[PDB]
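Raw start06.txt, compact mmCIF, N, CA and C atoms:
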# COMPACT_ATOMS: atom_id res chain seq x y z
N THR A 4 46.28 2.98 44.25
CA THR A 4 47.21 3.99 44.74
C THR A 4 46.84 4.46 46.14
N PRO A 5 47.81 5.06 46.83
CA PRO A 5 47.57 5.58 48.17
C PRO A 5 46.38 6.54 48.19
N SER A 6 46.22 7.29 47.11
CA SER A 6 45.12 8.25 47.00
C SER A 6 43.79 7.54 46.85
N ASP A 7 43.83 6.33 46.30
CA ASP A 7 42.62 5.52 46.14
C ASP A 7 42.18 4.92 47.47
N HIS A 8 43.15 4.58 48.31
CA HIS A 8 42.85 4.07 49.65
C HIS A 8 42.39 5.19 50.57
N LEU A 9 42.99 6.36 50.42
CA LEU A 9 42.55 7.55 51.14
C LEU A 9 41.15 7.96 50.71
N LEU A 10 40.87 7.84 49.41
CA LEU A 10 39.54 8.11 48.88
C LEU A 10 38.49 7.23 49.55
N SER A 11 38.71 5.92 49.50
CA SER A 11 37.77 4.96 50.06
C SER A 11 37.62 5.14 51.56
N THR A 12 38.73 5.44 52.23
CA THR A 12 38.73 5.64 53.67
C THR A 12 37.86 6.83 54.06
N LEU A 13 38.03 7.94 53.34
CA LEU A 13 37.30 9.16 53.63
C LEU A 13 35.92 9.15 52.98
N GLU A 14 35.72 8.22 52.05
CA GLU A 14 34.39 7.95 51.51
C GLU A 14 33.51 7.26 52.55
N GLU A 15 34.08 6.30 53.26
CA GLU A 15 33.37 5.62 54.34
C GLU A 15 33.17 6.54 55.53
N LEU A 16 34.08 7.49 55.70
CA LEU A 16 33.97 8.48 56.77
C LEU A 16 32.64 9.22 56.69
N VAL A 17 31.90 9.20 57.79
CA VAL A 17 30.60 9.87 57.86
C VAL A 17 30.76 11.38 57.68
N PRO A 18 29.96 11.95 56.79
CA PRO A 18 30.07 13.37 56.46
C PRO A 18 30.03 14.23 57.71
N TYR A 19 29.18 13.85 58.66
CA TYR A 19 29.06 14.58 59.92
C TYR A 19 30.36 14.51 60.72
N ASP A 20 31.10 13.42 60.55
CA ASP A 20 32.40 13.28 61.19
C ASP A 20 33.49 13.97 60.38
N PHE A 21 33.31 14.02 59.07
CA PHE A 21 34.23 14.73 58.19
C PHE A 21 34.26 16.22 58.51
N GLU A 22 33.12 16.75 58.92
CA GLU A 22 33.05 18.12 59.40
C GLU A 22 34.15 18.41 60.42
N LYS A 23 34.35 17.47 61.34
CA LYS A 23 35.40 17.60 62.35
C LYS A 23 36.76 17.22 61.79
N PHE A 24 36.76 16.29 60.84
CA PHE A 24 37.99 15.88 60.17
C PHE A 24 38.72 17.08 59.57
N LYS A 25 38.00 17.87 58.79
CA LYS A 25 38.60 19.00 58.09
C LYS A 25 38.93 20.13 59.05
N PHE A 26 38.23 20.17 60.18
CA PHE A 26 38.53 21.13 61.24
C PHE A 26 39.85 20.80 61.92
N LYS A 27 40.15 19.51 62.04
CA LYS A 27 41.40 19.06 62.63
C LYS A 27 42.54 19.14 61.62
N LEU A 28 42.21 18.97 60.35
CA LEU A 28 43.20 19.07 59.28
C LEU A 28 43.75 20.49 59.18
N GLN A 29 42.90 21.47 59.42
CA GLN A 29 43.32 22.87 59.45
C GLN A 29 44.32 23.12 60.58
N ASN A 30 44.22 22.32 61.64
CA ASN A 30 45.07 22.49 62.81
C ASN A 30 46.22 21.48 62.79
N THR A 31 46.42 20.83 61.65
CA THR A 31 47.48 19.84 61.51
C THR A 31 48.80 20.49 61.11
N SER A 32 49.87 20.11 61.80
CA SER A 32 51.18 20.69 61.56
C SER A 32 51.66 20.39 60.15
N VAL A 33 52.29 21.38 59.52
CA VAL A 33 52.82 21.22 58.17
C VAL A 33 54.10 20.40 58.17
N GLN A 34 54.19 19.45 57.25
CA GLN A 34 55.34 18.56 57.17
C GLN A 34 56.58 19.30 56.69
N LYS A 35 57.75 18.86 57.16
CA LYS A 35 58.99 19.57 56.90
C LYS A 35 59.27 19.67 55.41
N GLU A 36 59.44 20.89 54.92
CA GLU A 36 59.76 21.13 53.52
C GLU A 36 58.68 20.55 52.61
N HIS A 37 57.43 20.70 53.01
CA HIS A 37 56.30 20.32 52.17
C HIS A 37 55.25 21.43 52.12
N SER A 38 54.42 21.40 51.09
CA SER A 38 53.52 22.50 50.79
C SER A 38 52.27 22.44 51.67
N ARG A 39 51.83 23.61 52.14
CA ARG A 39 50.66 23.68 53.01
C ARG A 39 49.38 23.86 52.21
N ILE A 40 48.36 23.08 52.56
CA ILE A 40 47.03 23.27 51.99
C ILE A 40 46.30 24.41 52.69
N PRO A 41 45.88 25.40 51.90
CA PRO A 41 45.15 26.54 52.44
C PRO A 41 43.91 26.09 53.21
N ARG A 42 43.64 26.77 54.32
CA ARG A 42 42.49 26.44 55.15
C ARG A 42 41.18 26.70 54.40
N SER A 43 41.20 27.69 53.52
CA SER A 43 40.04 27.99 52.68
C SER A 43 39.75 26.84 51.72
N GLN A 44 40.79 26.09 51.37
CA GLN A 44 40.64 24.92 50.52
C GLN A 44 40.20 23.71 51.33
N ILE A 45 40.75 23.58 52.53
CA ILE A 45 40.41 22.47 53.42
C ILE A 45 38.92 22.47 53.74
N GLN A 46 38.38 23.65 54.05
CA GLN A 46 36.97 23.78 54.39
C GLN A 46 36.08 23.33 53.23
N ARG A 47 36.53 23.59 52.01
CA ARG A 47 35.71 23.36 50.83
C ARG A 47 36.06 22.03 50.16
N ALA A 48 37.15 21.43 50.61
CA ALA A 48 37.63 20.18 50.02
C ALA A 48 36.71 19.02 50.36
N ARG A 49 36.48 18.15 49.38
CA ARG A 49 35.67 16.96 49.59
C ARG A 49 36.48 15.85 50.25
N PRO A 50 35.79 14.92 50.90
CA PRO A 50 36.44 13.77 51.51
C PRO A 50 37.30 13.02 50.51
N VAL A 51 36.84 12.96 49.26
CA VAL A 51 37.54 12.24 48.21
C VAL A 51 38.56 13.13 47.51
N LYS A 52 38.43 14.43 47.72
CA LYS A 52 39.35 15.40 47.11
C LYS A 52 40.63 15.52 47.92
N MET A 53 40.51 15.43 49.24
CA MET A 53 41.66 15.56 50.13
C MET A 53 42.66 14.45 49.89
N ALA A 54 42.17 13.30 49.43
CA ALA A 54 43.04 12.19 49.07
C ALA A 54 44.08 12.61 48.04
N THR A 55 43.65 13.39 47.05
CA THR A 55 44.55 13.90 46.02
C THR A 55 45.39 15.06 46.54
N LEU A 56 44.75 15.95 47.29
CA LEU A 56 45.41 17.17 47.76
C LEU A 56 46.62 16.84 48.63
N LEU A 57 46.42 15.95 49.60
CA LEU A 57 47.46 15.61 50.56
C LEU A 57 48.66 14.98 49.86
N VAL A 58 48.39 14.20 48.82
CA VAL A 58 49.45 13.56 48.05
C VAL A 58 50.25 14.59 47.25
N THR A 59 49.54 15.54 46.66
CA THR A 59 50.17 16.58 45.85
C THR A 59 51.01 17.52 46.72
N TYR A 60 50.44 17.94 47.84
CA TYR A 60 51.04 18.98 48.66
C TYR A 60 52.16 18.43 49.53
N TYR A 61 51.95 17.23 50.07
CA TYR A 61 52.84 16.68 51.08
C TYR A 61 53.53 15.42 50.58
N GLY A 62 52.75 14.53 49.98
CA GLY A 62 53.29 13.30 49.40
C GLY A 62 52.40 12.10 49.72
N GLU A 63 52.68 10.98 49.06
CA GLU A 63 51.87 9.78 49.24
C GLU A 63 51.99 9.24 50.66
N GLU A 64 53.22 9.06 51.12
CA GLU A 64 53.48 8.54 52.46
C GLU A 64 53.02 9.52 53.53
N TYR A 65 53.13 10.81 53.23
CA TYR A 65 52.73 11.85 54.17
C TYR A 65 51.22 12.01 54.21
N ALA A 66 50.57 11.75 53.08
CA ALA A 66 49.11 11.82 53.00
C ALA A 66 48.46 10.76 53.88
N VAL A 67 49.05 9.56 53.89
CA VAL A 67 48.55 8.48 54.72
C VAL A 67 48.70 8.81 56.20
N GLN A 68 49.87 9.32 56.57
CA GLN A 68 50.15 9.67 57.96
C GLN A 68 49.27 10.81 58.43
N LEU A 69 49.11 11.82 57.58
CA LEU A 69 48.31 12.99 57.92
C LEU A 69 46.85 12.61 58.16
N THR A 70 46.28 11.86 57.23
CA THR A 70 44.89 11.43 57.34
C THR A 70 44.68 10.54 58.56
N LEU A 71 45.60 9.60 58.76
CA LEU A 71 45.52 8.68 59.89
C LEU A 71 45.43 9.43 61.21
N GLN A 72 46.32 10.40 61.39
CA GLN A 72 46.39 11.15 62.64
C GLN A 72 45.14 11.98 62.86
N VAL A 73 44.64 12.58 61.78
CA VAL A 73 43.44 13.41 61.85
C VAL A 73 42.21 12.56 62.15
N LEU A 74 42.19 11.35 61.61
CA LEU A 74 41.13 10.39 61.92
C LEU A 74 41.11 10.05 63.40
N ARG A 75 42.29 9.82 63.97
CA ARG A 75 42.41 9.55 65.40
C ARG A 75 41.98 10.75 66.23
N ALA A 76 42.20 11.95 65.68
CA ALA A 76 41.82 13.18 66.36
C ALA A 76 40.30 13.29 66.49
N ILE A 77 39.59 12.62 65.60
CA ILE A 77 38.13 12.68 65.58
C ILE A 77 37.52 11.34 65.99
N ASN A 78 38.31 10.52 66.67
CA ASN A 78 37.81 9.28 67.26
C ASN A 78 37.37 8.30 66.18
N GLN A 79 38.06 8.32 65.05
CA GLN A 79 37.86 7.31 64.01
C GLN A 79 39.04 6.35 63.95
N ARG A 80 39.17 5.51 64.97
CA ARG A 80 40.29 4.58 65.07
C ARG A 80 40.15 3.43 64.08
N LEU A 81 38.91 3.12 63.72
CA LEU A 81 38.63 2.09 62.73
C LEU A 81 39.22 2.46 61.37
N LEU A 82 38.87 3.65 60.89
CA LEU A 82 39.36 4.13 59.60
C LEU A 82 40.87 4.35 59.63
N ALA A 83 41.37 4.80 60.78
CA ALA A 83 42.80 5.00 60.96
C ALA A 83 43.56 3.68 60.87
N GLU A 84 43.01 2.64 61.49
CA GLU A 84 43.60 1.31 61.43
C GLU A 84 43.53 0.74 60.02
N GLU A 85 42.38 0.90 59.38
CA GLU A 85 42.17 0.38 58.03
C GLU A 85 43.08 1.08 57.03
N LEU A 86 43.33 2.37 57.26
CA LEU A 86 44.27 3.13 56.44
C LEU A 86 45.70 2.62 56.63
N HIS A 87 46.07 2.37 57.88
CA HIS A 87 47.35 1.76 58.20
C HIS A 87 47.49 0.39 57.53
N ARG A 88 46.42 -0.40 57.60
CA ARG A 88 46.41 -1.72 56.99
C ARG A 88 46.51 -1.62 55.47
N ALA A 89 45.90 -0.58 54.91
CA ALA A 89 46.02 -0.30 53.48
C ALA A 89 47.45 0.05 53.10
N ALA A 90 48.12 0.81 53.96
CA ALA A 90 49.52 1.16 53.75
C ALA A 90 50.41 -0.08 53.81
N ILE A 91 50.04 -1.03 54.66
CA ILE A 91 50.74 -2.30 54.74
C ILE A 91 50.59 -3.09 53.44
N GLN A 92 49.37 -3.10 52.90
CA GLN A 92 49.10 -3.79 51.64
C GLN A 92 49.86 -3.13 50.49
N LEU A 93 49.98 -1.81 50.55
CA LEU A 93 50.76 -1.07 49.56
C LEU A 93 52.23 -1.44 49.62
As structure tokens:
Amino acid sequence: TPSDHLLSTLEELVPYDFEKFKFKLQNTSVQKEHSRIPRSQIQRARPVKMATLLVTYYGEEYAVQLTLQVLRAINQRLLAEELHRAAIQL
């Protein structure tokens, strides 16, 4: 599932880089007519937890786009590309 690819993607994501990931996620624009993840939850959310959260709050397709963009925001173009490639496989 998309959440499984997001899990693995953010699992490979270095925790020290995830620190910035979740900081950029807090500053990520909310998708049209979709539910916002509380910043208090984002700070405490695990790399593997956000995979589920983004899907629940925004959606599967939106979770991939959100994570991809935030990865690029933190100079993780590798994971962003691999996530895109995962979306292609899906």
Q. Looking at A:59, A:9, A:76, A:15, which one is nearest to residue 38 (chain A), with distances taken over only N, CA and C atoms?
A. A:59
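For the pair CA of residue 85 (chain A) and CA of residue 8 (chain A), the separation is 9.2 Å.
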Q | Nearest to residue 19 (chain A), chosen from A:69, A:56, A:77, A:40, with only C-alpha atoms counted in the distances | A |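 Once distances to residue 19 (chain A) are computed over only C-alpha atoms, the minimum belongs to A:77.
Here the question is which of A:78, A:92, A:70, A:55 gets nearest to residue 7 (chain A) using all atoms listed in the file, and that residue is A:55.
If all atoms listed in the file are the atoms counted, then among A:67, A:30, A:50, A:39 the closest residue to residue 12 (chain A) is A:50.
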**Q.** Expected answer as number ranges by chain: alpha helix (DSSP H) residues in chain A
**A.** A: 5-15, 18-28, 42-47, 53-60, 63-76, 80-92
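Between residue 65 (chain A) and the residues A:4, A:11, A:34, A:46, the shortest atom-to-atom distance, using all atoms listed in the file, involves A:34.
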Q | Residue nearest residue 80 (chain A) - candidates A:27, A:16, A:52, A:47, atoms counted: only C-alpha atoms | A |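 Smallest distance to residue 80 (chain A) is found for A:16.
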Q) Separation of CA of residue 82 (chain A) and atom N of residue 44 (chain A), in Å? A)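 Between CA of residue 82 (chain A) and atom N of residue 44 (chain A) the gap is 23.5 Å.
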Q. Atom N of residue 18 (chain A) and atom C of residue 37 (chain A) are how many Å apart?
A. 27.4 Å
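A search radius of 12 Å centred on (47.4, 1.0, 62.0), applied to only C-alpha atoms, returns the residues residues 67, 68, 70, 71, 72, 74, 75, 79, 80, 81, 82, 83, 84, 85, 86, 87, 88, 89, 90, 91 and 92 of chain A.
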Using only N, CA and C atoms, please write the residues we just selected to a file, as a short mmCIF file (atom, residue, chain, number, x, y, z; two decimals), keeping the file's coordinate frame.
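New file part.cif:
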data_model
loop_
_atom_site.label_atom_id
_atom_site.label_comp_id
_atom_site.auth_asym_id
_atom_site.auth_seq_id
_atom_site.Cartn_x
_atom_site.Cartn_y
_atom_site.Cartn_z
N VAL A 67 49.05 9.56 53.89
CA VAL A 67 48.55 8.48 54.72
C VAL A 67 48.70 8.81 56.20
N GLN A 68 49.87 9.32 56.57
CA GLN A 68 50.15 9.67 57.96
C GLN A 68 49.27 10.81 58.43
N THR A 70 46.28 11.86 57.23
CA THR A 70 44.89 11.43 57.34
C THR A 70 44.68 10.54 58.56
N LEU A 71 45.60 9.60 58.76
CA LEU A 71 45.52 8.68 59.89
C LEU A 71 45.43 9.43 61.21
N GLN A 72 46.32 10.40 61.39
CA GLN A 72 46.39 11.15 62.64
C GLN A 72 45.14 11.98 62.86
N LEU A 74 42.19 11.35 61.61
CA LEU A 74 41.13 10.39 61.92
C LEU A 74 41.11 10.05 63.40
N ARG A 75 42.29 9.82 63.97
CA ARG A 75 42.41 9.55 65.40
C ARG A 75 41.98 10.75 66.23
N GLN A 79 38.06 8.32 65.05
CA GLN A 79 37.86 7.31 64.01
C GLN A 79 39.04 6.35 63.95
N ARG A 80 39.17 5.51 64.97
CA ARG A 80 40.29 4.58 65.07
C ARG A 80 40.15 3.43 64.08
N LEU A 81 38.91 3.12 63.72
CA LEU A 81 38.63 2.09 62.73
C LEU A 81 39.22 2.46 61.37
N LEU A 82 38.87 3.65 60.89
CA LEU A 82 39.36 4.13 59.60
C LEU A 82 40.87 4.35 59.63
N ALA A 83 41.37 4.80 60.78
CA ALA A 83 42.80 5.00 60.96
C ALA A 83 43.56 3.68 60.87
N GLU A 84 43.01 2.64 61.49
CA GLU A 84 43.60 1.31 61.43
C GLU A 84 43.53 0.74 60.02
N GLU A 85 42.38 0.90 59.38
CA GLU A 85 42.17 0.38 58.03
C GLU A 85 43.08 1.08 57.03
N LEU A 86 43.33 2.37 57.26
CA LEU A 86 44.27 3.13 56.44
C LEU A 86 45.70 2.62 56.63
N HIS A 87 46.07 2.37 57.88
CA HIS A 87 47.35 1.76 58.20
C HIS A 87 47.49 0.39 57.53
N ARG A 88 46.42 -0.40 57.60
CA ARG A 88 46.41 -1.72 56.99
C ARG A 88 46.51 -1.62 55.47
N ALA A 89 45.90 -0.58 54.91
CA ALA A 89 46.02 -0.30 53.48
C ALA A 89 47.45 0.05 53.10
N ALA A 90 48.12 0.81 53.96
CA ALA A 90 49.52 1.16 53.75
C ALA A 90 50.41 -0.08 53.81
N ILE A 91 50.04 -1.03 54.66
CA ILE A 91 50.74 -2.30 54.74
C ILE A 91 50.59 -3.09 53.44
N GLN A 92 49.37 -3.10 52.90
CA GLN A 92 49.10 -3.79 51.64
C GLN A 92 49.86 -3.13 50.49
#
Find the spatial neighbours of residue 28 (chain A), counting only C-alpha atoms, within a cut-off of 9 Å - ignore same-chain residues fewer than 3 positions away - and output them as a PDB file with N, CA and C atoms, in the frame of the given file.
ATOM      1  N   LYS A  23      34.350  17.470  61.340  1.00  0.00           N
ATOM      2  CA  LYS A  23      35.400  17.600  62.350  1.00  0.00           C
ATOM      3  C   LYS A  23      36.760  17.220  61.790  1.00  0.00           C
ATOM      4  N   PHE A  24      36.760  16.290  60.840  1.00  0.00           N
ATOM      5  CA  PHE A  24      37.990  15.880  60.170  1.00  0.00           C
ATOM      6  C   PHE A  24      38.720  17.080  59.570  1.00  0.00           C
ATOM      7  N   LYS A  25      38.000  17.870  58.790  1.00  0.00           N
ATOM      8  CA  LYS A  25      38.600  19.000  58.090  1.00  0.00           C
ATOM      9  C   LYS A  25      38.930  20.130  59.050  1.00  0.00           C
ATOM     10  N   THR A  31      46.420  20.830  61.650  1.00  0.00           N
ATOM     11  CA  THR A  31      47.480  19.840  61.510  1.00  0.00           C
ATOM     12  C   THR A  31      48.800  20.490  61.110  1.00  0.00           C
ATOM     13  N   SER A  32      49.870  20.110  61.800  1.00  0.00           N
ATOM     14  CA  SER A  32      51.180  20.690  61.560  1.00  0.00           C
ATOM     15  C   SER A  32      51.660  20.390  60.150  1.00  0.00           C
ATOM     16  N   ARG A  42      43.640  26.770  54.320  1.00  0.00           N
ATOM     17  CA  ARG A  42      42.490  26.440  55.150  1.00  0.00           C
ATOM     18  C   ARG A  42      41.180  26.700  54.400  1.00  0.00           C
ATOM     19  N   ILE A  45      40.750  23.580  52.530  1.00  0.00           N
ATOM     20  CA  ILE A  45      40.410  22.470  53.420  1.00  0.00           C
ATOM     21  C   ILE A  45      38.920  22.470  53.740  1.00  0.00           C
ATOM     22  N   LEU A  69      49.110  11.820  57.580  1.00  0.00           N
ATOM     23  CA  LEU A  69      48.310  12.990  57.920  1.00  0.00           C
ATOM     24  C   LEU A  69      46.850  12.610  58.160  1.00  0.00           C
ATOM     25  N   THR A  70      46.280  11.860  57.230  1.00  0.00           N
ATOM     26  CA  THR A  70      44.890  11.430  57.340  1.00  0.00           C
ATOM     27  C   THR A  70      44.680  10.540  58.560  1.00  0.00           C
ATOM     28  N   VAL A  73      44.640  12.580  61.780  1.00  0.00           N
ATOM     29  CA  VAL A  73      43.440  13.410  61.850  1.00  0.00           C
ATOM     30  C   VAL A  73      42.210  12.560  62.150  1.00  0.00           C
TER      31      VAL A  73
END
